[PDB]
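Before any comments, here is the structure.
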Amino acid sequence: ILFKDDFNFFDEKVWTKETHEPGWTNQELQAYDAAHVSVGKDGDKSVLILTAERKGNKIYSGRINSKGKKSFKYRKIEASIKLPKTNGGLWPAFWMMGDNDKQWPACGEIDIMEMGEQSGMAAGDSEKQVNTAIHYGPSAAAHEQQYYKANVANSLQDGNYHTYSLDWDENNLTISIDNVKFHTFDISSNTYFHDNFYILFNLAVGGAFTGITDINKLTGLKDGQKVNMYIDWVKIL
């Protein structure tokens, strides 16, 4: 093990809590702020907790990153996550971006796991449909993306923790879910996936990915509702 966070405490030498206004990216409805990230207990487990909540028309959630603090290259990274039911507009993700100061997408982006996509709801399989992706290119105008999506065998939003893994060498990015390979991206000649990347976790609420950008359509977070996303651990081998 190169690095492991059991989330017994919020380690500020590794993680930063983000603050952003609603609509900052992807027409998302939540504001992010520090008060919606905490560390605590889920039974016996020490966990990082991202809390999304709605107080009328104001929605708040949590997002963290390790940019400038913890990054790596060509290692396996795995996290154990417990997810809320996403149907109706929640959008959890575990992902990475290049630990440089290039503007997106030139920093490179690897989405290990995202759920809540519009098509998962339309397919009636919102608890099983996962999207994995890479984004790259020298500017927004020349944005390139590859993705894969499919339904896993068993619900990932079932009150238990699941493991999400990325294996990474100079040729491939291979995403696995509960030890089952989900997809491999060929990066052998892709110049954007060969430098250090840092880690992110977040729980977005609405946004274009979900198909829900109007709070009147947000059935997955009702007025007065709170939901949690839990990360038991993250580790880098």
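Starting from 1 in every chain, residues are counted up; chains themselves are A, B, ... following the order of the structure tokens, and ligands are numbered from 1 as listed.
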
With 10 Å as the cut-off and only C-alpha atoms counted, what is the closest atom pair between each nearby residue of range 18-117 of chain A and range 133-150 of chain A? Distances in Å to one decimal, ordered by chain and number, as a tab-separated table.
```
residue	atom	partner	partner_atom	distance
A:95	CA	A:133	CA	9.3
A:96	CA	A:134	CA	9.6
A:97	CA	A:135	CA	9.3
A:102	CA	A:138	CA	8.9
A:103	CA	A:139	CA	7.3
A:104	CA	A:139	CA	6.9
A:105	CA	A:136	CA	4.9
A:106	CA	A:138	CA	4.7
A:107	CA	A:136	CA	7.2
A:108	CA	A:136	CA	4.9
A:109	CA	A:135	CA	5.1
A:110	CA	A:134	CA	4.7
A:111	CA	A:133	CA	5.0
A:112	CA	A:133	CA	7.0
A:113	CA	A:133	CA	8.3
A:114	CA	A:133	CA	8.8
A:115	CA	A:149	CA	9.9
A:117	CA	A:149	CA	9.8
```

Next, write the just-selected residues to a file, as a JSON list (two decimals), in the first residue's frame, keeping C-alpha atoms as the atom set.
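So selection-v4.json came out as:
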```json
[["chain", "number", "residue", "atom", "x", "y", "z"],
["A", 95, "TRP", "CA", -12.95, 10.62, -10.28],
["A", 96, "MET", "CA", -9.57, 12.17, -10.97],
["A", 97, "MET", "CA", -8.01, 15.12, -12.78],
["A", 102, "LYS", "CA", -3.91, 23.37, -17.19],
["A", 103, "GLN", "CA", -7.45, 24.49, -17.80],
["A", 104, "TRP", "CA", -10.03, 21.71, -18.17],
["A", 105, "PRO", "CA", -10.04, 19.52, -20.26],
["A", 106, "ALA", "CA", -6.30, 19.86, -20.90],
["A", 107, "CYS", "CA", -5.64, 18.73, -17.32],
["A", 108, "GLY", "CA", -7.15, 15.37, -18.20],
["A", 109, "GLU", "CA", -10.11, 13.78, -16.39],
["A", 110, "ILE", "CA", -10.80, 10.17, -15.46],
["A", 111, "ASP", "CA", -14.33, 9.31, -14.20],
["A", 112, "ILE", "CA", -13.99, 6.00, -12.39],
["A", 113, "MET", "CA", -17.65, 5.80, -11.36],
["A", 114, "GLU", "CA", -20.57, 8.08, -11.97],
["A", 115, "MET", "CA", -24.23, 7.25, -11.38],
["A", 117, "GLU", "CA", -27.47, 9.49, -15.60]]
```

_Can you tell me which residues surround residue 159 in chain A at a distance of at most 9 Å, considering only C-alpha atoms, apart from same-chain residues fewer than 5 positions away, and format the answer as a ChimeraX atom specification?_
/A:82-85

Requested write-out: N, CA, C and O atoms of the selected residues, as a PDB file, in the first residue's frame:
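Full text of selection.pdb as output:
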```
ATOM      1  N   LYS A  82     -20.656   3.759  -0.233  1.00  0.00           N
ATOM      2  CA  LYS A  82     -22.063   3.492  -0.039  1.00  0.00           C
ATOM      3  C   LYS A  82     -22.842   4.664  -0.597  1.00  0.00           C
ATOM      4  O   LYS A  82     -22.583   5.821  -0.287  1.00  0.00           O
ATOM      5  N   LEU A  83     -23.780   4.370  -1.501  1.00  0.00           N
ATOM      6  CA  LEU A  83     -24.427   5.408  -2.281  1.00  0.00           C
ATOM      7  C   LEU A  83     -25.908   5.535  -1.911  1.00  0.00           C
ATOM      8  O   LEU A  83     -26.577   4.537  -1.611  1.00  0.00           O
ATOM      9  N   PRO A  84     -26.423   6.770  -1.910  1.00  0.00           N
ATOM     10  CA  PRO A  84     -27.885   6.913  -1.765  1.00  0.00           C
ATOM     11  C   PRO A  84     -28.615   6.430  -3.038  1.00  0.00           C
ATOM     12  O   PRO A  84     -27.989   6.306  -4.088  1.00  0.00           O
ATOM     13  N   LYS A  85     -29.944   6.209  -2.992  1.00  0.00           N
ATOM     14  CA  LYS A  85     -30.658   5.910  -4.190  1.00  0.00           C
ATOM     15  C   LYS A  85     -30.701   7.169  -5.026  1.00  0.00           C
ATOM     16  O   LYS A  85     -31.099   8.243  -4.534  1.00  0.00           O
TER      17      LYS A  85
END
```

*Any chance you could list, as a ChimeraX atom specification, the residues in range 10-232 of chain A that come up strand (DSSP E) when DSSP is run on the backbone?*
/A:16-17,31-32,37-42,45-55,58-61,63-65,71-72,77-82,90-98,109-114,129-136,144-151,162-168,172-177,180-186,197-205,226-232

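Put simply, CA of residue 42 in chain A is 11.7 Å away from CA of residue 81 in chain A.
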
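The closest residue to residue 223 in chain A, picked from A:58, A:4, A:36, A:13 and counting only C-alpha atoms, is A:58.
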
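If only C-alpha atoms are the atoms counted, then among A:132, A:66, A:190, A:163 the closest residue to residue 18 in chain A is A:66.
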
For residue 20 in chain A, work out the shell of residues within 12 Å, counting only C-alpha atoms and skipping chain neighbours fewer than 5 positions away, then give it as a tab-separated table (two decimals) with N, CA, C and O atoms, in the first residue's frame.
```
chain	number	residue	atom	x	y	z
A	25	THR	N	-20.88	24.31	-12.57
A	25	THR	CA	-20.67	23.48	-13.75
A	25	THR	C	-21.89	22.62	-14.08
A	25	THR	O	-22.72	22.33	-13.18
A	28	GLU	N	-25.71	22.18	-12.78
A	28	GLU	CA	-26.04	21.52	-11.50
A	28	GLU	C	-26.79	22.44	-10.55
A	28	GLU	O	-26.60	23.69	-10.58
A	29	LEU	N	-27.65	21.85	-9.68
A	29	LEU	CA	-28.50	22.70	-8.81
A	29	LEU	C	-27.90	23.00	-7.46
A	29	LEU	O	-28.31	23.95	-6.78
A	30	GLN	N	-27.00	22.15	-7.00
A	30	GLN	CA	-26.43	22.38	-5.66
A	30	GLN	C	-25.37	23.45	-5.64
A	30	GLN	O	-24.66	23.62	-6.60
A	31	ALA	N	-25.29	24.14	-4.48
A	31	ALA	CA	-24.07	24.81	-4.03
A	31	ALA	C	-23.19	23.81	-3.31
A	31	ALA	O	-23.70	22.95	-2.60
A	32	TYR	N	-21.88	23.86	-3.49
A	32	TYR	CA	-21.05	23.09	-2.64
A	32	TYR	C	-20.52	23.97	-1.53
A	32	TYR	O	-20.21	25.14	-1.77
A	33	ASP	N	-20.37	23.42	-0.35
A	33	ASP	CA	-19.74	24.15	0.75
A	33	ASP	C	-19.16	23.21	1.82
A	33	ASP	O	-19.40	21.98	1.83
A	34	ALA	N	-18.33	23.78	2.69
A	34	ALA	CA	-17.53	22.99	3.57
A	34	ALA	C	-18.38	22.27	4.62
A	34	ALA	O	-18.03	21.17	5.01
A	36	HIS	N	-21.13	20.77	4.25
A	36	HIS	CA	-21.67	19.53	3.71
A	36	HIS	C	-20.65	18.40	3.45
A	36	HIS	O	-21.00	17.39	2.81
A	59	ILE	N	-30.16	24.20	-2.47
A	59	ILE	CA	-29.69	22.84	-2.33
A	59	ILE	C	-28.21	22.97	-2.05
A	59	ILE	O	-27.54	23.79	-2.67
A	60	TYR	N	-27.74	22.17	-1.13
A	60	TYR	CA	-26.33	22.17	-0.73
A	60	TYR	C	-25.82	20.76	-0.78
A	60	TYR	O	-26.53	19.82	-0.41
A	61	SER	N	-24.55	20.62	-1.16
A	61	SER	CA	-23.89	19.30	-1.10
A	61	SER	C	-22.39	19.50	-0.90
A	61	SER	O	-21.89	20.63	-0.63
A	62	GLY	N	-21.65	18.40	-1.03
A	62	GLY	CA	-20.24	18.33	-0.74
A	62	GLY	C	-19.39	17.78	-1.87
A	62	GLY	O	-19.80	16.88	-2.65
A	63	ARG	N	-18.17	18.31	-1.93
A	63	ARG	CA	-17.17	17.92	-2.92
A	63	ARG	C	-15.78	18.15	-2.37
A	63	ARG	O	-15.52	19.20	-1.80
A	64	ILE	N	-14.91	17.18	-2.55
A	64	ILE	CA	-13.52	17.30	-2.09
A	64	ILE	C	-12.54	16.86	-3.16
A	64	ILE	O	-12.89	16.10	-4.09
A	204	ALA	N	-23.28	15.59	-6.65
A	204	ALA	CA	-24.00	16.62	-7.34
A	204	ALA	C	-25.50	16.32	-7.29
A	204	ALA	O	-25.94	15.20	-7.01
```
